[PDB]
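Peer 1: Below is a structure I'd like to ask you about.
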Amino acid sequence: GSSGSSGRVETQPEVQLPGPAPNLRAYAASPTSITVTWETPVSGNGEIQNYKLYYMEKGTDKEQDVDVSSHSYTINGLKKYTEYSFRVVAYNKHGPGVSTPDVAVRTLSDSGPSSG
């Protein structure tokens, strides 16, 4: 978990945006799928319209986004023993507030239990 990526902006976004979804966990339920579970932020205006769950492969520089309205989503159609980043974002009438820290996780290897 190497955090640091910052932005060179001498300004600030809105003033009423959602917060980072706590209890952000991620585990590979399968060598071709991944289950991600998160919680709702105690801080925020009104209610979150929909939860945006991003997912990408470590070394693609092409993050994606999927529409989700639950506290648990499963992403299938993935490689075996491959790493994948994940991040949750709150989208409300106001706008996309802060973004949770990237959550990279390696999927199960079909080859064998070969300890890594």
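No value in this document is a laboratory result; all are computed from the given coordinates.
Peer 1: How many angstrom lie between the C-alpha centres of region 84-114 and region 1-29?
Peer 2: Region 84-114 and region 1-29 have Cα centres spaced 11 Å from each other.
Peer 1: For region 23-108, what is the relative contact order in percent, using Cα pairs closer than 8 Å and at least 6 residues apart in sequence?
Peer 2: Numbers: 179 pairs, mean separation 30.0, N = 86.
Result for region 23-108 is 35 percent.
Peer 1: Treating cross-link reach as a plain straight distance, find the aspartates and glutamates whose alpha-carbon is under 17 Å from the alpha-carbon of residue 93, omitting any fewer than eight places away in the same chain.
Peer 2: 14, 47, 67
Peer 1: For the chain, count all C-alpha to C-alpha pairs, find those more than 21 Å apart, and express that count as a whole percent of the total.
Peer 2: 42
Peer 1: What list of ³J(HN,Hα) couplings, whole Hz, do you get for region 35-46 from phi and the Karplus terms 6.51, -1.76, 1.60, once you set θ to phi - 60° and write x for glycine and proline?
Peer 2: Ordered by residue, 3J(HN,Hα) equals 9, 10, 10, 9, 10, 7, x, 5, 9, x, 8, x Hz.
Peer 1: So which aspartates and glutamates can residue 80 reach, going by Cα to Cα under 15 Å and dropping same-chain residues fewer than 8 places off?
Peer 2: Once the sequence-local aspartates and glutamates are set aside, what remains near residue 80 is 57, 110.
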